[PDB]
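Structure file start30.cif (mmCIF, C-alpha atoms and all ligand atoms) follows.
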```
data_start
loop_
_atom_site.label_atom_id
_atom_site.label_comp_id
_atom_site.auth_asym_id
_atom_site.auth_seq_id
_atom_site.Cartn_x
_atom_site.Cartn_y
_atom_site.Cartn_z
CA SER A 29 -82.56 -151.40 -139.89
CA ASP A 30 -84.24 -148.37 -141.44
CA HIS A 31 -87.49 -150.23 -140.78
CA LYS A 32 -86.54 -151.12 -137.20
CA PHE A 33 -85.75 -147.52 -136.26
CA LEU A 34 -88.73 -146.02 -138.11
CA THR A 35 -90.97 -148.48 -136.28
CA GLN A 36 -89.43 -147.43 -132.98
CA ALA A 37 -90.22 -143.79 -133.78
CA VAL A 38 -93.81 -144.84 -134.53
CA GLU A 39 -93.95 -146.74 -131.23
CA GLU A 40 -92.75 -143.61 -129.44
CA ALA A 41 -95.64 -141.74 -131.07
CA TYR A 42 -98.13 -144.25 -129.67
CA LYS A 43 -96.48 -144.17 -126.21
CA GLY A 44 -96.53 -140.40 -125.98
CA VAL A 45 -100.19 -140.26 -126.96
CA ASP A 46 -101.02 -142.90 -124.36
CA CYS A 47 -99.17 -140.97 -121.61
CA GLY A 48 -100.80 -137.65 -122.50
CA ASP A 49 -97.33 -136.23 -123.18
CA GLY A 50 -98.24 -134.72 -126.53
CA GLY A 51 -99.30 -135.69 -130.02
CA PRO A 52 -98.77 -138.76 -132.16
CA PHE A 53 -95.16 -138.07 -133.11
CA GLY A 54 -91.94 -139.91 -132.35
CA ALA A 55 -88.28 -139.53 -133.26
CA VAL A 56 -85.23 -141.76 -132.89
CA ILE A 57 -81.59 -140.72 -133.32
CA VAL A 58 -79.02 -143.47 -133.96
CA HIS A 59 -75.21 -143.52 -134.24
CA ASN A 60 -74.48 -146.21 -136.84
CA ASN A 61 -76.83 -148.87 -135.42
CA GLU A 62 -76.92 -147.79 -131.76
CA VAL A 63 -79.86 -145.75 -130.41
CA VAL A 64 -78.63 -142.42 -129.03
CA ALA A 65 -82.06 -140.93 -128.30
CA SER A 66 -85.69 -142.08 -128.53
CA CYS A 67 -88.39 -139.52 -127.84
CA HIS A 68 -91.92 -138.39 -128.62
CA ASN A 69 -93.74 -135.07 -128.73
CA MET A 70 -93.67 -133.46 -125.24
CA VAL A 71 -95.54 -130.23 -125.91
CA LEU A 72 -98.21 -130.87 -123.25
CA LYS A 73 -95.91 -132.48 -120.66
CA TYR A 74 -93.44 -129.59 -120.77
CA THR A 75 -95.82 -126.71 -121.61
CA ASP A 76 -93.46 -125.99 -124.47
CA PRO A 77 -94.67 -125.61 -128.07
CA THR A 78 -91.09 -126.20 -129.24
CA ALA A 79 -90.99 -129.67 -127.62
CA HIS A 80 -91.76 -131.55 -130.83
CA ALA A 81 -90.40 -135.09 -131.07
CA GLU A 82 -87.46 -134.21 -133.33
CA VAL A 83 -86.39 -131.20 -131.22
CA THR A 84 -86.69 -133.35 -128.07
CA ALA A 85 -84.58 -136.13 -129.59
CA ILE A 86 -81.95 -133.61 -130.73
CA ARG A 87 -81.70 -132.01 -127.27
CA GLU A 88 -81.43 -135.39 -125.52
CA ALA A 89 -78.87 -136.77 -128.02
CA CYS A 90 -76.65 -133.68 -127.75
CA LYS A 91 -76.80 -133.99 -123.95
CA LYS A 92 -75.92 -137.69 -124.09
CA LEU A 93 -73.00 -137.01 -126.43
CA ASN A 94 -71.77 -133.72 -124.83
CA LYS A 95 -71.65 -131.78 -128.10
CA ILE A 96 -73.85 -129.48 -130.18
CA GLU A 97 -73.36 -131.27 -133.53
CA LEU A 98 -74.47 -134.77 -134.57
CA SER A 99 -72.75 -135.10 -137.95
CA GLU A 100 -72.21 -138.82 -137.39
CA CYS A 101 -75.84 -139.69 -136.54
CA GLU A 102 -79.10 -140.17 -138.41
CA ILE A 103 -82.68 -139.37 -137.39
CA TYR A 104 -85.90 -141.34 -137.89
CA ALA A 105 -89.18 -139.40 -137.71
CA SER A 106 -92.59 -141.05 -137.60
CA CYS A 107 -93.96 -138.02 -139.49
CA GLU A 108 -92.48 -135.54 -141.98
CA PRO A 109 -90.63 -132.87 -139.91
CA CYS A 110 -92.30 -129.45 -139.78
CA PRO A 111 -90.34 -126.24 -140.62
CA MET A 112 -89.15 -125.76 -137.03
CA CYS A 113 -87.90 -129.34 -136.77
CA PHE A 114 -86.27 -129.38 -140.21
CA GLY A 115 -84.43 -126.20 -139.27
CA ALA A 116 -83.29 -127.84 -136.03
CA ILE A 117 -82.12 -130.86 -138.03
CA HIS A 118 -80.06 -128.52 -140.22
CA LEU A 119 -78.47 -126.74 -137.25
CA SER A 120 -77.84 -130.11 -135.53
CA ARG A 121 -75.99 -131.23 -138.69
CA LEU A 122 -77.48 -134.75 -138.60
CA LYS A 123 -76.28 -136.52 -141.70
CA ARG A 124 -79.48 -138.27 -142.76
CA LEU A 125 -83.23 -138.08 -142.18
CA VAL A 126 -85.67 -140.95 -142.72
CA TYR A 127 -89.35 -140.14 -142.23
CA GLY A 128 -92.46 -142.27 -142.42
CA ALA A 129 -95.70 -140.38 -143.03
CA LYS A 130 -96.19 -137.37 -145.26
CA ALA A 131 -97.32 -134.20 -143.50
CA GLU A 132 -100.64 -134.53 -145.30
CA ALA A 133 -101.52 -137.48 -143.04
CA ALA A 134 -101.18 -135.29 -139.96
CA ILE A 135 -102.97 -132.35 -141.62
CA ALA A 136 -105.93 -134.62 -142.45
CA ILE A 137 -106.49 -135.26 -138.73
CA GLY A 138 -106.56 -131.66 -137.47
CA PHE A 139 -103.00 -130.31 -137.52
CA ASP A 140 -101.90 -127.15 -139.30
CA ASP A 141 -100.84 -126.89 -142.93
CA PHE A 142 -97.22 -126.26 -141.83
CA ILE A 143 -94.84 -127.84 -144.37
CA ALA A 144 -91.08 -127.42 -144.81
CA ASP A 145 -90.09 -126.15 -148.26
CA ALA A 146 -86.42 -127.05 -147.78
CA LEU A 147 -87.41 -130.69 -147.20
CA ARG A 148 -89.70 -130.89 -150.25
CA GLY A 149 -87.09 -129.14 -152.42
CA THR A 150 -88.99 -125.87 -153.01
CA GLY A 151 -86.82 -123.66 -150.80
CA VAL A 152 -85.25 -120.48 -152.16
CA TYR A 153 -83.33 -119.04 -149.19
CA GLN A 154 -83.15 -122.37 -147.29
CA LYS A 155 -81.31 -125.18 -149.04
CA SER A 156 -80.97 -128.59 -147.42
CA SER A 157 -77.91 -130.75 -147.88
CA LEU A 158 -78.65 -133.81 -145.73
CA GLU A 159 -79.79 -137.07 -147.28
CA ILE A 160 -83.58 -137.50 -147.04
CA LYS A 161 -85.55 -140.75 -147.40
CA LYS A 162 -89.34 -140.96 -147.46
CA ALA A 163 -90.32 -144.45 -146.35
CA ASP A 164 -92.35 -146.72 -148.61
CA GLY A 165 -94.08 -150.07 -148.25
CA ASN A 166 -94.76 -151.31 -144.75
CA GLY A 167 -92.95 -148.44 -143.04
CA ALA A 168 -95.15 -145.94 -144.86
CA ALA A 169 -98.33 -147.88 -144.06
CA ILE A 170 -97.39 -148.12 -140.35
CA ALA A 171 -96.56 -144.42 -140.14
CA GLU A 172 -99.67 -143.39 -142.05
CA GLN A 173 -101.84 -145.62 -139.86
CA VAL A 174 -100.68 -143.80 -136.70
CA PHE A 175 -103.03 -140.91 -137.48
CA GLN A 176 -106.09 -143.09 -138.10
CA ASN A 177 -105.43 -145.21 -135.00
CA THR A 178 -104.90 -142.24 -132.64
CA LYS A 179 -107.58 -140.07 -134.24
CA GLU A 180 -109.47 -138.96 -131.11
CA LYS A 181 -107.14 -139.97 -128.26
CA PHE A 182 -105.19 -136.71 -127.67
CA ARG A 183 -105.63 -132.95 -127.27
CA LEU A 184 -104.69 -130.96 -130.37
CA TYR A 185 -102.06 -128.21 -130.16
CA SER B 29 -92.03 -98.77 -127.02
CA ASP B 30 -90.88 -100.93 -129.97
CA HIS B 31 -87.51 -99.20 -129.59
CA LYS B 32 -87.32 -100.01 -125.87
CA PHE B 33 -87.89 -103.75 -126.19
CA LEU B 34 -85.68 -104.01 -129.30
CA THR B 35 -82.76 -102.36 -127.52
CA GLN B 36 -83.36 -104.69 -124.58
CA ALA B 37 -82.95 -107.59 -127.01
CA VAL B 38 -79.74 -106.01 -128.33
CA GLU B 39 -78.39 -105.73 -124.80
CA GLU B 40 -79.28 -109.39 -124.23
CA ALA B 41 -77.22 -110.31 -127.32
CA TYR B 42 -74.21 -108.47 -125.87
CA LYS B 43 -74.73 -109.94 -122.39
CA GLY B 44 -74.85 -113.52 -123.67
CA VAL B 45 -71.77 -113.14 -125.84
CA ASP B 46 -69.94 -111.71 -122.82
CA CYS B 47 -71.01 -114.53 -120.44
CA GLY B 48 -70.07 -117.03 -123.17
CA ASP B 49 -73.62 -118.44 -123.21
CA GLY B 50 -73.73 -118.45 -127.00
CA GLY B 51 -73.73 -116.25 -130.06
CA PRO B 52 -74.73 -112.55 -130.15
CA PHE B 53 -78.50 -112.89 -130.34
CA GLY B 54 -81.25 -111.76 -128.01
CA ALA B 55 -85.02 -111.95 -127.81
CA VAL B 56 -87.64 -110.37 -125.56
CA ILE B 57 -91.24 -111.55 -125.21
CA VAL B 58 -93.77 -109.00 -123.97
CA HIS B 59 -97.43 -109.03 -122.86
CA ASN B 60 -99.14 -105.62 -123.12
CA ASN B 61 -95.89 -103.78 -122.33
CA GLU B 62 -94.93 -106.19 -119.53
CA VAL B 63 -91.78 -108.21 -120.20
CA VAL B 64 -92.52 -111.93 -119.90
CA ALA B 65 -89.08 -113.25 -120.93
CA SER B 66 -85.72 -111.65 -121.75
CA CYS B 67 -83.17 -114.14 -123.06
CA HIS B 68 -80.18 -114.59 -125.35
CA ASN B 69 -78.67 -117.53 -127.24
CA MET B 70 -77.73 -120.38 -124.86
CA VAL B 71 -76.39 -122.97 -127.32
CA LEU B 72 -72.98 -123.17 -125.65
CA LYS B 73 -74.22 -122.93 -122.04
CA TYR B 74 -76.88 -125.66 -122.53
CA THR B 75 -75.05 -127.82 -125.10
CA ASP B 76 -78.18 -127.49 -127.19
CA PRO B 77 -78.18 -126.41 -130.86
CA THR B 78 -81.87 -125.53 -130.60
CA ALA B 79 -81.34 -123.04 -127.75
CA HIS B 80 -81.38 -119.96 -129.94
CA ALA B 81 -82.51 -116.70 -128.34
CA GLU B 82 -86.08 -116.90 -129.68
CA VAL B 83 -86.64 -120.56 -128.79
CA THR B 84 -85.20 -120.02 -125.29
CA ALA B 85 -87.49 -117.01 -124.81
CA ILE B 86 -90.51 -119.01 -126.03
CA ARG B 87 -89.73 -121.81 -123.58
CA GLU B 88 -89.44 -119.32 -120.70
CA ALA B 89 -92.53 -117.27 -121.58
CA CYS B 90 -94.67 -120.39 -121.91
CA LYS B 91 -93.45 -121.80 -118.60
CA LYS B 92 -94.18 -118.45 -116.94
CA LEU B 93 -97.67 -118.01 -118.36
CA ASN B 94 -98.65 -121.69 -117.88
CA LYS B 95 -99.77 -122.04 -121.51
CA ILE B 96 -98.37 -123.24 -124.83
CA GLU B 97 -99.76 -120.31 -126.85
CA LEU B 98 -98.55 -116.73 -126.67
CA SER B 99 -101.34 -115.28 -128.86
CA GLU B 100 -101.47 -112.06 -126.80
CA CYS B 101 -97.70 -111.65 -126.74
CA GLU B 102 -95.14 -110.09 -129.08
CA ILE B 103 -91.49 -111.03 -129.65
CA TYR B 104 -88.53 -108.72 -130.30
CA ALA B 105 -85.55 -110.39 -131.98
CA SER B 106 -82.20 -108.61 -132.14
CA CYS B 107 -81.57 -110.44 -135.44
CA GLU B 108 -83.88 -111.78 -138.13
CA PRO B 109 -85.07 -115.24 -136.96
CA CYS B 110 -83.67 -118.30 -138.71
CA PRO B 111 -85.94 -121.05 -140.17
CA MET B 112 -86.09 -123.00 -136.92
CA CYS B 113 -86.91 -119.90 -134.88
CA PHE B 114 -89.52 -118.69 -137.36
CA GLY B 115 -91.09 -122.16 -137.22
CA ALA B 116 -91.07 -121.89 -133.42
CA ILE B 117 -92.60 -118.41 -133.48
CA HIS B 118 -95.42 -119.73 -135.70
CA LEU B 119 -96.02 -122.77 -133.47
CA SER B 120 -96.13 -120.51 -130.39
CA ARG B 121 -98.98 -118.42 -131.87
CA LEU B 122 -97.13 -115.18 -131.13
CA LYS B 123 -99.13 -112.20 -132.34
CA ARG B 124 -96.33 -110.01 -133.72
CA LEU B 125 -92.61 -110.18 -134.54
CA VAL B 126 -90.25 -107.20 -134.48
CA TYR B 127 -86.63 -107.83 -135.49
CA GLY B 128 -83.60 -105.55 -135.71
CA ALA B 129 -80.80 -106.70 -138.01
CA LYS B 130 -81.16 -108.47 -141.34
CA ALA B 131 -79.77 -112.01 -141.53
CA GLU B 132 -76.99 -110.87 -143.85
CA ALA B 133 -75.49 -108.94 -140.94
CA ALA B 134 -74.88 -112.23 -139.14
CA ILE B 135 -73.78 -114.07 -142.28
CA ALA B 136 -71.15 -111.40 -142.96
CA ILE B 137 -69.22 -112.50 -139.84
CA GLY B 138 -69.35 -116.20 -140.74
CA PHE B 139 -72.77 -117.41 -139.64
CA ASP B 140 -74.56 -120.08 -141.67
CA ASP B 141 -76.30 -119.04 -144.88
CA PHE B 142 -79.64 -119.98 -143.34
CA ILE B 143 -82.65 -117.73 -144.02
CA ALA B 144 -86.37 -118.38 -143.45
CA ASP B 145 -88.33 -118.50 -146.72
CA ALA B 146 -91.62 -117.98 -144.88
CA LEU B 147 -90.26 -114.79 -143.30
CA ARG B 148 -89.24 -113.30 -146.66
CA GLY B 149 -92.33 -114.54 -148.55
CA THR B 150 -90.39 -116.88 -150.83
CA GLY B 151 -91.96 -120.27 -150.10
CA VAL B 152 -94.20 -122.60 -152.04
CA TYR B 153 -95.50 -124.61 -149.07
CA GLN B 154 -94.92 -122.49 -145.94
CA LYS B 155 -96.86 -119.24 -145.74
CA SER B 156 -96.60 -116.82 -142.84
CA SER B 157 -99.48 -115.25 -140.98
CA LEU B 158 -98.19 -113.04 -138.19
CA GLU B 159 -97.41 -109.35 -138.22
CA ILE B 160 -93.72 -108.81 -139.03
CA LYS B 161 -91.83 -105.53 -138.66
CA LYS B 162 -88.24 -104.93 -139.71
CA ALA B 163 -87.06 -102.09 -137.52
CA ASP B 164 -85.53 -99.03 -139.14
CA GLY B 165 -83.75 -95.91 -138.00
CA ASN B 166 -81.56 -95.87 -134.92
CA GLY B 167 -82.84 -99.21 -133.66
CA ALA B 168 -81.87 -100.95 -136.89
CA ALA B 169 -78.45 -99.27 -136.85
CA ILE B 170 -77.60 -100.36 -133.31
CA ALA B 171 -78.90 -103.85 -134.08
CA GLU B 172 -76.86 -104.27 -137.27
CA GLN B 173 -73.74 -103.05 -135.47
CA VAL B 174 -73.85 -105.97 -133.02
CA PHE B 175 -71.99 -108.38 -135.29
CA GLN B 176 -69.08 -106.12 -136.26
CA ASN B 177 -68.71 -105.14 -132.59
CA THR B 178 -69.03 -108.76 -131.45
CA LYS B 179 -66.62 -110.55 -133.85
CA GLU B 180 -63.77 -110.66 -131.32
CA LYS B 181 -65.53 -112.12 -128.28
CA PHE B 182 -66.89 -115.55 -129.33
CA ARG B 183 -65.90 -118.44 -131.59
CA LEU B 184 -68.50 -119.37 -134.21
CA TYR B 185 -70.02 -122.69 -133.25
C1 LIG A 201 -92.88 -134.00 -133.72
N1 LIG A 201 -93.96 -133.23 -134.25
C2 LIG A 201 -94.13 -133.08 -135.70
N2 LIG A 201 -93.20 -133.73 -136.61
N3 LIG A 201 -95.27 -132.31 -136.20
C3 LIG A 201 -96.21 -131.69 -135.24
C4 LIG A 201 -96.02 -131.85 -133.87
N4 LIG A 201 -97.03 -131.16 -133.30
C5 LIG A 201 -97.83 -130.59 -134.24
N5 LIG A 201 -97.30 -130.94 -135.43
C6 LIG A 201 -97.82 -130.61 -136.70
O1 LIG A 201 -97.52 -131.52 -137.57
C7 LIG A 201 -97.50 -130.73 -138.88
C8 LIG A 201 -96.25 -130.83 -139.44
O2 LIG A 201 -96.14 -132.02 -140.18
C9 LIG A 201 -97.74 -129.22 -138.42
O3 LIG A 201 -99.21 -128.91 -138.38
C10 LIG A 201 -97.24 -129.17 -137.27
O4 LIG A 201 -97.88 -128.14 -136.47
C11 LIG A 201 -94.84 -132.65 -133.29
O5 LIG A 201 -94.65 -132.79 -132.09
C1 LIG A 202 -81.22 -116.47 -132.06
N1 LIG A 202 -80.39 -116.86 -133.15
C2 LIG A 202 -80.60 -116.39 -134.51
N2 LIG A 202 -81.68 -115.49 -134.87
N3 LIG A 202 -79.67 -116.85 -135.54
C3 LIG A 202 -78.55 -117.77 -135.16
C4 LIG A 202 -78.36 -118.21 -133.87
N4 LIG A 202 -77.27 -119.03 -133.85
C5 LIG A 202 -76.79 -119.09 -135.12
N5 LIG A 202 -77.59 -118.32 -135.91
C6 LIG A 202 -77.43 -118.07 -137.29
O1 LIG A 202 -77.88 -116.89 -137.60
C7 LIG A 202 -78.47 -117.03 -139.01
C8 LIG A 202 -79.83 -116.83 -138.94
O2 LIG A 202 -80.13 -115.46 -139.07
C9 LIG A 202 -78.12 -118.54 -139.36
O3 LIG A 202 -76.69 -118.56 -139.80
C10 LIG A 202 -78.20 -119.16 -138.27
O4 LIG A 202 -77.34 -120.33 -138.29
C11 LIG A 202 -79.33 -117.73 -132.79
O5 LIG A 202 -79.24 -118.05 -131.65
ZN ZN A 203 -91.72 -130.09 -135.59
ZN ZN A 204 -82.79 -119.36 -134.73
#
```
Is it possible to express this structure as structure tokens?
Ligand SMILES: Cn1c(N)nc2c(ncn2[C@@H]2O[C@H](CO)[C@@H](O)[C@H]2O)c1=O
Ligand SMILES: Cn1c(N)nc2c(ncn2[C@@H]2O[C@H](CO)[C@@H](O)[C@H]2O)c1=O
Ligand SMILES: [Zn+2]
Ligand SMILES: [Zn+2]
Amino acid sequence: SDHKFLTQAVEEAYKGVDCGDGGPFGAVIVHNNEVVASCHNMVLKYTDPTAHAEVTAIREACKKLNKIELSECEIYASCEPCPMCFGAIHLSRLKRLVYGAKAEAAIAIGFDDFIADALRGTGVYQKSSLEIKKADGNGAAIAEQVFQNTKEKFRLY
Amino acid sequence: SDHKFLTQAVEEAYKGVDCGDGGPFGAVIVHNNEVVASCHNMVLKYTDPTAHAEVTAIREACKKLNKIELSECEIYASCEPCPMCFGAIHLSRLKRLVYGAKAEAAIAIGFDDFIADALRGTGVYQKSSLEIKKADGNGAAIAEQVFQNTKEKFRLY
């Protein structure tokens, strides 16, 4: 189930790259085992540098549920959330985060060195409380492979 | 002119709390002394926990200028930006940040203990690049007073 939803976030990353919507990033929000939102990076579609996949998923899931907190849902991210997205995950009060690729995989292919301390556990003023799971095995290999497979198929941002 | 745009952000904070749009926060984005966007927190109005003042202003300024980078623009925040909003400001490529009140001023009236390590220089992984100015003098006084004056008018969300 973790694997099913992480793979769907990865698939969203591929879809969004193929549509020219944005970069190779997807995110899926589920309530128990029911998909609430499934999104990819929309920075180029919306002309909106905040429209990362996680932020997009959070906005859509709060709209679908008519409330500004998601304490009963979990989020699956094809890549390690950046500082903006991890902050949005804190404010959204999602109860769990599962992510596939380490940020280093995205950095290696042209993106910024832009890593969230609170996620890695080196925050001082920003302390996370949500449960965090870095995928291993096949999930990790799938997520890491996204950046090799899409290496020169999208405009950087 | 720093004072002018900062007090415009303070007035946006008051306006939004009075319309019920969200909490007492405002942000103004400016391009060579021309105001590109003037917004306040819209979390309640939009049912969106990411719709802080700064993020909302970044969305609007980018839509207006037809680009995803505001490298020639500056942002005035009535209150010190939270981790999400500092992440957004970095992603937007804004040239300069000027903020009024320290985050403790918001926390004193019940807001989340939620401070951006990269803004205060306390991170291991996330470093900041942009010019940052904490206002002082009469601007800082008016900005800090917003939360004590506001207390009555909105319910913390
Ligand atoms: C969803 N999503 C995520 N998760 N990350 C992105 C995105 N766009 C650029 N990035 C970069 O990825 C690194 C962070 O890991 C940083 O360089 C960020 O700038 C994006 O849409
Ligand atoms: C614009 N804006 C800002 N700047 N901060 C906000 C907002 N809504 C809640 N907060 C809280 O303020 C502290 C951060 O300084 C944290 O407690 C945050 O949760 C908001 O819309
Ligand atoms: Zn992000
Ligand atoms: Zn914020």
*Nearest to chain B, chosen from A:38, A:85, A:98, A:152, with all atoms listed in the file counted in the distances*: A:152
*Show me which residues sit within 9 Å of ligand LIG 201 (chain A) when counting all atoms listed in the file, and put them as a PyMOL selection string.*
(chain A and resi 41+50-55+68-71+77-84+105-114+129-135+138-144+184-185) or (chain B and resi 118-119)
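Here CA of residue 67 (chain B) stands at a distance of 22.7 Å from CA of residue 94 (chain A).
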*Contacts of residue 31 (chain B) at 9 Å (only C-alpha atoms; same-chain gap of 4+ positions) as a ChimeraX atom specification*: /B:35-36,163,166-167
Coordinates of chain B after Cα superposition on chain A, as a short mmCIF file (atom, residue, chain, number, x, y, z; two decimals) with C-alpha atoms, keeping the file's coordinate frame:
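After the write, result_30.cif holds the following:
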```cif
data_model
loop_
_atom_site.label_atom_id
_atom_site.label_comp_id
_atom_site.auth_asym_id
_atom_site.auth_seq_id
_atom_site.Cartn_x
_atom_site.Cartn_y
_atom_site.Cartn_z
CA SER B 29 -82.33 -151.60 -140.05
CA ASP B 30 -84.13 -148.49 -141.39
CA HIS B 31 -87.36 -150.39 -140.73
CA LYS B 32 -86.38 -151.17 -137.13
CA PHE B 33 -85.64 -147.60 -136.09
CA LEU B 34 -88.64 -146.21 -138.00
CA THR B 35 -91.02 -148.59 -136.24
CA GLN B 36 -89.40 -147.62 -132.95
CA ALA B 37 -90.28 -144.01 -133.76
CA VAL B 38 -93.85 -145.08 -134.56
CA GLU B 39 -94.11 -146.84 -131.21
CA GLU B 40 -92.81 -143.68 -129.53
CA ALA B 41 -95.61 -141.70 -131.21
CA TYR B 42 -98.19 -144.12 -129.78
CA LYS B 43 -96.55 -144.16 -126.34
CA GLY B 44 -96.53 -140.36 -126.05
CA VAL B 45 -100.14 -139.99 -127.14
CA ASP B 46 -101.10 -142.61 -124.55
CA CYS B 47 -99.15 -140.95 -121.69
CA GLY B 48 -100.66 -137.61 -122.76
CA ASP B 49 -97.18 -136.12 -123.31
CA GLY B 50 -98.20 -134.57 -126.61
CA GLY B 51 -99.28 -135.34 -130.14
CA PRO B 52 -98.65 -138.63 -132.00
CA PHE B 53 -95.09 -138.05 -133.17
CA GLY B 54 -91.87 -139.89 -132.44
CA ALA B 55 -88.21 -139.60 -133.34
CA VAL B 56 -85.17 -141.82 -132.81
CA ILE B 57 -81.55 -140.70 -133.13
CA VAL B 58 -78.97 -143.40 -133.84
CA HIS B 59 -75.16 -143.63 -133.98
CA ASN B 60 -73.87 -146.56 -136.09
CA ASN B 61 -76.87 -148.72 -135.16
CA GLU B 62 -76.77 -147.70 -131.48
CA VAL B 63 -79.81 -145.75 -130.30
CA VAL B 64 -78.72 -142.44 -128.77
CA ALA B 65 -82.20 -140.99 -128.09
CA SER B 66 -85.76 -142.29 -128.43
CA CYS B 67 -88.39 -139.62 -127.79
CA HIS B 68 -91.88 -138.43 -128.69
CA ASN B 69 -93.64 -135.06 -128.69
CA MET B 70 -93.61 -133.47 -125.20
CA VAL B 71 -95.41 -130.18 -125.89
CA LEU B 72 -98.15 -130.85 -123.33
CA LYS B 73 -95.91 -132.46 -120.68
CA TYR B 74 -93.31 -129.64 -120.82
CA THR B 75 -95.65 -126.72 -121.62
CA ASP B 76 -93.32 -126.01 -124.51
CA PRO B 77 -94.49 -125.51 -128.11
CA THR B 78 -90.97 -126.23 -129.36
CA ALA B 79 -90.82 -129.69 -127.73
CA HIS B 80 -91.68 -131.61 -130.87
CA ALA B 81 -90.38 -135.18 -131.13
CA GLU B 82 -87.37 -134.27 -133.29
CA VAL B 83 -86.28 -131.26 -131.23
CA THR B 84 -86.66 -133.24 -127.98
CA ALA B 85 -84.57 -136.07 -129.46
CA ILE B 86 -81.90 -133.59 -130.63
CA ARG B 87 -81.70 -132.07 -127.16
CA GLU B 88 -81.31 -135.52 -125.57
CA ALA B 89 -78.79 -136.88 -128.09
CA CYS B 90 -76.61 -133.79 -127.77
CA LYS B 91 -76.68 -133.90 -123.98
CA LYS B 92 -75.75 -137.60 -124.10
CA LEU B 93 -72.89 -137.24 -126.57
CA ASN B 94 -71.53 -134.03 -124.97
CA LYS B 95 -71.51 -132.18 -128.31
CA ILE B 96 -73.73 -129.81 -130.28
CA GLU B 97 -73.24 -131.60 -133.62
CA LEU B 98 -74.62 -135.00 -134.53
CA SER B 99 -72.73 -135.30 -137.85
CA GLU B 100 -72.24 -139.07 -137.40
CA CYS B 101 -75.85 -139.66 -136.37
CA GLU B 102 -79.10 -140.27 -138.24
CA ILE B 103 -82.67 -139.37 -137.25
CA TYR B 104 -85.86 -141.36 -137.84
CA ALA B 105 -89.06 -139.31 -137.73
CA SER B 106 -92.44 -141.04 -137.56
CA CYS B 107 -93.87 -138.07 -139.49
CA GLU B 108 -92.37 -135.64 -141.98
CA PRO B 109 -90.62 -132.89 -139.95
CA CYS B 110 -92.23 -129.46 -139.81
CA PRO B 111 -90.29 -126.24 -140.66
CA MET B 112 -89.03 -125.77 -137.12
CA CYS B 113 -87.89 -129.38 -136.84
CA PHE B 114 -86.23 -129.35 -140.26
CA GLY B 115 -84.43 -126.16 -139.22
CA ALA B 116 -83.34 -127.95 -136.04
CA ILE B 117 -82.17 -131.02 -137.95
CA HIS B 118 -80.04 -128.77 -140.19
CA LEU B 119 -78.57 -126.87 -137.23
CA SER B 120 -77.73 -130.17 -135.50
CA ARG B 121 -75.62 -131.34 -138.48
CA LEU B 122 -77.42 -134.69 -138.58
CA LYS B 123 -76.10 -136.82 -141.42
CA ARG B 124 -79.35 -138.40 -142.65
CA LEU B 125 -83.12 -138.11 -142.16
CA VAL B 126 -85.58 -140.97 -142.59
CA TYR B 127 -89.28 -140.17 -142.11
CA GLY B 128 -92.40 -142.32 -142.30
CA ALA B 129 -95.66 -140.48 -142.98
CA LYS B 130 -96.17 -137.50 -145.26
CA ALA B 131 -97.27 -134.26 -143.59
CA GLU B 132 -100.70 -134.51 -145.21
CA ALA B 133 -101.41 -137.52 -143.01
CA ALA B 134 -101.20 -135.28 -139.95
CA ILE B 135 -103.03 -132.39 -141.60
CA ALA B 136 -105.95 -134.68 -142.46
CA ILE B 137 -106.77 -135.04 -138.74
CA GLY B 138 -106.63 -131.29 -138.07
CA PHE B 139 -102.95 -130.46 -137.67
CA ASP B 140 -101.64 -127.11 -138.90
CA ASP B 141 -101.02 -126.67 -142.62
CA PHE B 142 -97.31 -126.26 -141.92
CA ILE B 143 -94.82 -127.89 -144.32
CA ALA B 144 -91.06 -127.33 -144.70
CA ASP B 145 -90.16 -125.80 -148.07
CA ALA B 146 -86.52 -126.85 -147.68
CA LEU B 147 -87.60 -130.47 -147.18
CA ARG B 148 -89.68 -130.52 -150.38
CA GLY B 149 -87.21 -128.47 -152.45
CA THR B 150 -89.55 -125.51 -152.90
CA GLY B 151 -87.57 -122.63 -151.38
CA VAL B 152 -85.83 -119.60 -152.81
CA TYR B 153 -83.56 -118.90 -149.83
CA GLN B 154 -83.34 -122.13 -147.79
CA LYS B 155 -81.69 -125.08 -149.51
CA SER B 156 -81.27 -128.48 -147.89
CA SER B 157 -78.10 -130.52 -147.78
CA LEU B 158 -78.67 -133.73 -145.86
CA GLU B 159 -79.71 -137.13 -147.13
CA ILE B 160 -83.50 -137.48 -146.93
CA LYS B 161 -85.45 -140.72 -147.35
CA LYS B 162 -89.23 -141.03 -147.41
CA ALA B 163 -89.92 -144.57 -146.30
CA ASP B 164 -92.10 -146.79 -148.46
CA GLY B 165 -93.70 -150.19 -148.19
CA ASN B 166 -94.87 -151.58 -144.87
CA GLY B 167 -93.02 -148.98 -142.83
CA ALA B 168 -94.76 -146.13 -144.64
CA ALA B 169 -98.14 -147.86 -144.24
CA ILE B 170 -97.81 -148.34 -140.49
CA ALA B 171 -96.53 -144.77 -140.15
CA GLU B 172 -99.38 -143.20 -142.12
CA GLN B 173 -101.91 -145.21 -140.11
CA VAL B 174 -100.85 -143.53 -136.85
CA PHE B 175 -103.11 -140.50 -137.29
CA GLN B 176 -106.34 -142.32 -138.15
CA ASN B 177 -105.68 -144.72 -135.26
CA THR B 178 -104.75 -141.86 -132.92
CA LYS B 179 -107.62 -139.38 -133.55
CA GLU B 180 -109.57 -140.45 -130.45
CA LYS B 181 -106.88 -140.25 -127.77
CA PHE B 182 -105.63 -136.63 -127.72
CA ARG B 183 -107.02 -133.13 -128.22
CA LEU B 184 -105.25 -131.08 -130.90
CA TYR B 185 -103.26 -128.36 -129.20
#
```
